[PDB]
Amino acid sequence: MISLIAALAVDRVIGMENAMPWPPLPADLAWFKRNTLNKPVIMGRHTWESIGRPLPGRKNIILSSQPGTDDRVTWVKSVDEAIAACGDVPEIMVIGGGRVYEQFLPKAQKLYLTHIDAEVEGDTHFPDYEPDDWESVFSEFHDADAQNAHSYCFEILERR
């Protein structure tokens, strides 16, 4: 089973100049960590560059046509290879970026989305999905606080 996990601001913005389009939201990072820990994570090369170190407690699989730049993670050259490299696990977590989400969304059976209540500039977007195809099975609204500058809502959707 393939799942996507992403944080989206207004107009589905996820990235700007190969970085996050907002300052860190520690609550969202905790959500991200809790949902990806002990699972394989698939990411695009640009997202690898934006993170810059292996995510601990996870099998890190990087999708790139280019030779790898770090022996601590697994480099693969195709979507099919990325999936194969995860082996026989219950859930593969696809963690972006925009080009990777586009390719895996049609394969996805679950989405873990953080809706970030911010209008910020972006050059990378989460793909358009048809809400009618998905059932919301979880939602939780949070306000901004001293540590998180924007309000946010966690949602989990399952494909009908």
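The numbering used is simple: start at 1 and walk along the sequence shown.
The PDB entry reports B-factors from which the mean C-alpha value can be compared for 5 to 13 and 142 to 150; the larger average falls on 142 to 150. Two stretches are in play, 127 to 135 and 28 to 36, and the higher mean C-alpha B-factor belongs to 127 to 135. Of the candidates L113, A118, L55, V100, the deposited coordinates give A118 the top C-alpha B factor. Sorting the modelled residues of the chain by their CA temperature factor places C86 in the middle third. When the CA B factors of the chain's modelled residues are split into thirds, the value for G44 lands in the lowest one. Sort the modelled residues of the chain by CA B factor and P67 lands in the middle third.
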